[PDB]
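Protein chains in written order, with PDB author numbering: chain F, 559 to 753; chain D, 183 to 707; chain E, 1 to 25, 35 to 186, 211 to 228, 246 to 498.
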C-alpha cells in the first residue's frame, strides 16, 4: 500500500543514519547538504510525490534543508520528514504549507500528524501511522533546535502580541527586521523574524 | 381512622350527579349492584349502528387528488439573514481579539467599511432615510470605539411602525368618550396567502454546492476508545463531518450561531440600550487554488451589521426588534426582495486565481437594509442548528445498520459509494446520485425545517405522513382504506399560507404522486 | 434541475426515511374551547347550583339530538360502562380490582405529602399566577400558619383532611403587599384553573397511581413504559393473534387517533367507575377516590387577557379585562359576540364555571383503562359471525386489529366498534385514522 511504501521509505531514511561515515550525521557535521539531495532512498520515494506540485515541494524542501544545515541548528525529525521531496528541479510557484503526497494525503512541516508524528521527550520513538520506531542513535540537543524547520527564510523569536497577523501570501513583502505573528497550526500562533 | 367529612363537599357530591339520580346514595346503590344484560346492550349498539352512516372507501375506486395551492403574488424572502445573496469581507483571525466589538473595530480600521457611503435614491425601498441615517450613526459610533448609540430617534421609529400609541384607563371611560373617539374592537388581521416560490430551487441547489472555505461550524472532541464499535462510530462521524463542513449551508449555520450568541449576550448585558452587533463567522480551512485539497487558514467573514433595539423581556413574551444591514453583489428582484430596501454602496473587489498569482477585479456592491423582529425562543431555537447533522446521521445509521445486518458484514463504504438515490428531475428524467450527494439534500431539508419552523409547517408535516404511508402501502399491494380523505386534503390546504417551504414541499408532493401514479393506483392525475 | 426530496421513498422503505419529514425534539381560544365542551355534550338539561346559585348544565345519561351523531358526543352511559368493566374483571379475575386498589392504598399510606412538590407546574390560589408546585405549596402552608396555625401532619392524609377543613373555613389569611378572603372566594380560587392548583393535586395523584397499578397487569397498556417493552408487547400481540385465528380468517389493522380526547371525558363517569371498583373495599378508599371527580365536576376556568379597543387610525388603544367584556358587548364583533352571550350565564366574576370536561393532561392512565375496557368487549352476535377485535390504546392514540373471514363483515365489525366507542363519549377521528393489512400500522411514532 502507498502508506506502507512511505513507512518503509522512512525506515530506510532512519537506518541510513547508521552512526557512521557516509551517513546523515557525518554529512551534517561536514555541512554538505547537496549530497543529501541525491541519496538512493529519496530516489525510491520520489514516485510517491504528486507530479503537479513536485517542483514547488522540491524547492521548499531544498531551501529548508539548506537553511537548517547552514546554521548547524537543525532537527532530525523535520529533516527526515521533508527529505523525500528534494530529488527534482525546483520550480517557482505558490506554496500553501501542505506537501501533498500522490495518495491525496498530506505532511505539513512543523506539525505532528498521523502519517509522521514527533513528540517532545520521545525523540527515539518516531510515530509513523501510530507505530513507534526506535532511532539507531541518541540525541538530547541536536533536535531541540527546530526554529528553522518551520518556514524557509524566517526564525522564531520571543512572543509578541503587538505584531500583526499575516498569511503565507504576504510573507514575501515583509520588511527586514520586522516581527510577524502567524499561525503554526490549529490555534497555535508563533511570531517570526526574517533571516 | 377516617376522612372526616365536611358539608360543602358532600353537598356538591349530592348535587353533581347523573340525571335519574339526585343523591350519591341512589347512584352508589345502582352502581354496586349493576348486573349484565348483554341483550339490551346489543339492541342499543345495533340501534346506534343503524342511525350512523360510517363511510369506508378503499382509495382505489375513489383515489386522492392533486392539491390546489393558493393564488396570488409569490412568497417573498423571510429568513433574518440572506442565504446565497451575501458578500462577505474577510480578515485573518486573532485569538486575542475573538470578539464582536474587536472584530468590527479591526475591520473598520483598514477603512473598507468606512469607505461605504450609501446613495440617497433606493432601488426598491419604503423608508430609505432612516436606514441611511442609522448607517451613518453606526459608522460614527464605531469610530468612537464604543458600540453604543446615544441618540434614539431612528431605531425607535423603525421599531414602532408596527404598534405605538397611548392608553386610556377604563375608569376614565364613559359613553360620551366612546361615542367621541368612535372606539371599536381591534380587528384582527390575517396573513395574506401567497403563491409558489420559484426561487427555493436555486437556493437549494446553491446549498448543495461546496464553498471555497470550510470549517465554519465548531464541534466537540472525541473521547478515547476501548473496542471496535466506538472506533467505527468515530470513523463514520469523522467522515460525515469532513464531507459536510464544506457546504454552503454550514456557512449560514455558523453565521446564525455566532450572530445570535452575540445578540443574546448583548441583550442580557445591556438591556434598554441601542447596541451594534456584527453578522460575522469564523472559518478554519480553505481549498487551495492550485488544487482542491484543503489547506488550513483561519479567517473571519463579515456579512453585515445588525442593530438591536430596546430589549427588556417584558412585552410580547420578551419579543425584541433588530435591524439588518447586509452586503450583496447581486441586483435584487422585486418579487423576492419585498421586505428588503436596497442601496448601491459604491464598489468592491473580487479576488480570483490567475495561474500562480491571485488577482482582483472590481465590481459594484449593494446594501440590503431590513427591519425585523426576534424573540428569546427563536434565539434559543436557531442558535442550535447542529441538531440537524445528528438527525441526518440517523438516516445514515439506518442504511448502515439494515444492510450490515442483511448481509452480516461491513457495507458502509460500499453503500456510501454505490447506493444510488433519486434526487429530482432533470430534462424530464429522474436524476440519481450516490448517498454522498444525497446527504446534502437531507441536511438542507433539516436546516430549512428549522429556519421556517412554525405552526403551518408543523401541521403540514404531521398531516403528510398519512399520504406517504398510504402510498407506501400501495407500493406493496395493500388495500389502503380511509374514511374521509377529502377533509384531510382540505386540512392540508388550510395549513398552506405564507411559508415558502410548505408551498414548495406540497408542489413536490403533487409531482411525486403524479410520477408514482405510473406505478401506483391510489392517486388522480 | 428541480430538487425533489421525496423521490428516495420509491426504491426504499418509508419507515427508515420518515424521520426526515419531522423536526427534532388568549381569551378567544379558551372561549371556543369551553363553548365546544358545552356543545359536544349534546343535551339541554340545566340544574341550578345551590351553593352559589349558578346554573349547571348536567350532561350524563341523557342522550338528545341524535342527528349528526358523527360529530363528537361526550354524553356518557353508565350501564354499558359498568358492563364492560365487569367483562374486564371476569377476564382478568375477580379480586383483581380489589388487589390493585389495596396495593395502591398501602403504597399511599407510607407516602409523605411532600411528594406534591414534584410537578411540572401549578396555579397559585393566593397570587393567582403559575409557578412550580413547591412555591405555591409553601405559600399555602405559610398562609395556613398565619391564619390558624401550622400543619404538623407530615403525611398525605392529614394534608387532604386539612384541605377539607379549609373547605369549611369562612375566613383565610395570607401574606401580601397581608390580606384575607372569605369562604366563597377561597373555594373559587381553590377550584380555579389557568391555561391546576394544589388542593386537588393529591387526589388526582392517587387516582393516577391507582389507574397505573391497574394498567400494569393489562397486556394492552403501553402508557406506563415505552420502547423495548413496547416492541415486546407488539410482538407478543402479533404472535397471539396469529396463533388465535384460523387459516380461513384474515385480520386487518387500524391506526386510530381519538379526536377531542380532553373535551369529551367527564369525571362523573370516572366517579361511577371508581365506585364500582372500590365497591368491595375499605370505605376509606371508597370516599377518597370520590374526591377528585367531584372536584373536577366544578371547575372555574380563568379567561385570558382581556380584549382591547382602538379608534380608526389606531392612535388610541384601550386595555380591559375579561370580567368587563359583558359591559361592552355591544362593540365587539359578531363572531366574538355569538361566542360570548350563551356563556354569560356560567360566568361569575372573571372565570367560567365549567361543570365538566377534562382539559388537564390528567387521568390519562384512567382513560387508558377505559379504552382497554372498550377493547375487551365480546358477545355472541360476533361469535356467531366469526369475527372479533383486539388492540392497544394510548391516551388519545390507539391501534386496532380486527378479525373476520370476509371483506364485508369487517365493515360491520368496524361500525359496531365505532358505535360502542361513541356510547361512552370516546369518539374517533376520520382524517387522521387509517387502516390496512396487518403488516403496516403506527403507534407513538413507532412505524411498524
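The beta-carbon is built from N, C-alpha and C at its ideal position, and this holds for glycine as well.
With the cut-off set at 8 Å, would you say residue i and residue j are in Cβ contact?
| i | j | result |
| --- | --- | --- |
| residue 34 of chain E | residue 231 of chain D | Looking at chain E, the numbering goes 25 and then 35, which leaves residue 34 of chain E without any coordinates in this model. |
| residue 510 of chain D | residue 268 of chain D | yes |
| residue 594 of chain F | residue 567 of chain F | no |
| residue 194 of chain D | residue 60 of chain E | yes |
| residue 324 of chain E | residue 339 of chain E | yes |
| residue 639 of chain F | residue 664 of chain F | no |
| residue 669 of chain D | residue 241 of chain D | no |
| residue 617 of chain D | residue 597 of chain D | yes |
| residue 516 of chain D | residue 357 of chain D | no |
| residue 92 of chain E | residue 316 of chain E | no |
Whose Cβ in chain F lies nearer than 7 Å to the Cβ of residue i?
| i | result |
| --- | --- |
| residue 276 of chain D | 723 |
Going by DSSP, name the residue or residues bridged to residue i.
| i | result |
| --- | --- |
| residue 463 of chain D | D/483 |
| residue 396 of chain D | D/467 |
| residue 401 of chain E | E/352 |
| residue 357 of chain D | For residue 357 of chain D, which the question treats as bridged, DSSP gives no partner whatsoever. |
| residue 529 of chain D | D/546 |
Which residues of chain D have a Cβ atom closer than 8 Å to the Cβ of residue i, listed in chain order?
| i | result |
| --- | --- |
| residue 465 of chain E | 231, 234 and 236 |
| residue 529 of chain E | What is shown of chain E runs 1 to 498, which leaves residue 529 of chain E out entirely. |
| residue 719 of chain F | 278 |
| residue 246 of chain E | Simply none; closest approach about 17 Å. |
| residue 727 of chain F | 540 |
| residue 668 of chain F | Here the premise fails: no neighbours, minimum Cβ distance about 12 Å. |
Assuming residue i and residue j are in contact, meaning their beta carbons sit under 8 Å apart, how far apart are those beta carbons, in whole angstroms?
| i | j | result |
| --- | --- | --- |
| residue 627 of chain D | residue 115 of chain E | Not a contact, Cβ separation roughly 53 Å. |
| residue 296 of chain D | residue 321 of chain D | 6 Å |
| residue 703 of chain F | residue 632 of chain F | 7 Å |
| residue 708 of chain D | residue 458 of chain D | Absent from the structure is residue 708 of chain D, since the part of chain D shown begins at 183 and ends at 707. |
| residue 198 of chain D | residue 348 of chain E | 7 Å |
| residue 8 of chain E | residue 613 of chain D | Rounded, the Cβ-Cβ distance is 12 Å, inconsistent with contact. |
| residue 675 of chain D | residue 250 of chain D | 6 Å |
Determine the chain E residues that contact residue i at a beta-carbon separation under 9 Å, and present them in chain order.
| i | result |
| --- | --- |
| residue 650 of chain D | 6, 9, 14, 18 and 21 |
| residue 632 of chain D | 23 and 24 |
Using a Cβ cut-off of 8 Å, pull out every chain E residue sitting near residue i, in sequence order please.
| i | result |
| --- | --- |
| residue 576 of chain D | 19 |
| residue 623 of chain D | 3 and 5 |
| residue 365 of chain D | 359, 360, 361, 366, 368 and 381 |
| residue 703 of chain D | Here the premise fails: no neighbours, minimum Cβ distance about 14 Å. |
| residue 185 of chain D | 166, 169, 170, 173, 334, 337 and 338 |
Along chain D, which residues have their Cβ under 7 Å away from the Cβ of residue i?
| i | result |
| --- | --- |
| residue 207 of chain E | Coordinates for residue 207 of chain E are simply not present: the residues of chain E run from 186 and resume at 211. |
| residue 662 of chain F | 475 |
| residue 358 of chain E | 368 |
| residue 651 of chain F | 538 |
Compute every distance between the C-beta of residue i and the non-hydrogen atoms of the ligand ZN, then say whether any falls below 7 Å.
| i | result |
| --- | --- |
| residue 259 of chain D | Ligands are entirely absent from the displayed structure, and the ligand ZN is therefore not among its contents. |
Applying a beta-carbon distance threshold of less than 8 Å, which residues of chain B neighbour residue i?
| i | result |
| --- | --- |
| residue 573 of chain D | Looking for chain B here will not work: the only protein chains present are F, D and E. |
So residue i contacts chain D; which residues on that side make the cut at Cβ distance below 9 Å?
| i | result |
| --- | --- |
| residue 656 of chain F | 470, 475, 476, 477 and 478 |
| residue 87 of chain E | 200, 209, 212, 213 and 216 |
Members of the region 607 to 641 of chain F that neighbour chain D once the beta carbon cut-off is set at 9 Å: Per Cβ criterion, the list reads 608, 610, 611 and 614.
The region 66 to 82 of chain E: positions lying closer than 8 Å to chain D by Cβ: The region 66 to 82 of chain E vs chain D, Cβ under 8 Å: 67, 69, 70, 71, 75, 78 and 79.
Under 7 Å (Cβ pairs) to chain E, residues found in the region 213 to 228 of chain D: Residues passing the 7 Å Cβ filter: 213, 214, 216, 218, 220, 223, 224 and 227.
Members of the region 319 to 335 of chain E near chain D, C-beta cut-off 7 Å: Listed by position along the chain: 322, 325, 326, 329 and 334.
Chain D contacts from the region 568 to 585 of chain F (Cβ-Cβ distance under 9 Å): Within the region 568 to 585 of chain F, no residue has a Cβ lying closer than 9 Å to any Cβ of chain D.
Contact residues within the region 594 to 606 of chain D, judged by C-beta distance below 7 Å to chain E: Cβ contacts with chain E: 603, 604, 605 and 606.
Residues, ordered as in the chain, of the region 132 to 145 of chain E that lie near chain D by beta-carbon distance below 9 Å: So the list is empty, because no residue satisfies the distance condition.
Near-chain D residues of the region 417 to 434 of chain E - C-beta to any C-beta below 7 Å: Within the region 417 to 434 of chain E, the residues whose Cβ lies closer than 7 Å to some Cβ of chain D are 429 and 431, listed in chain order.
Under 8 Å (Cβ pairs) to chain D, residues found in the region 684 to 707 of chain F: Cβ contacts with chain D: none found.
Residues from the region 44 to 61 of chain E in contact with chain D, defined by Cβ distance under 7 Å: Here the close residues are 54, 58, 59 and 60.
Under 9 Å (Cβ pairs) to chain E, residues found in the region 552 to 573 of chain D: Using a CB distance below 9 Å, the part of the region 552 to 573 of chain D facing chain E consists of 569, 570, 572 and 573, ordered along the chain.
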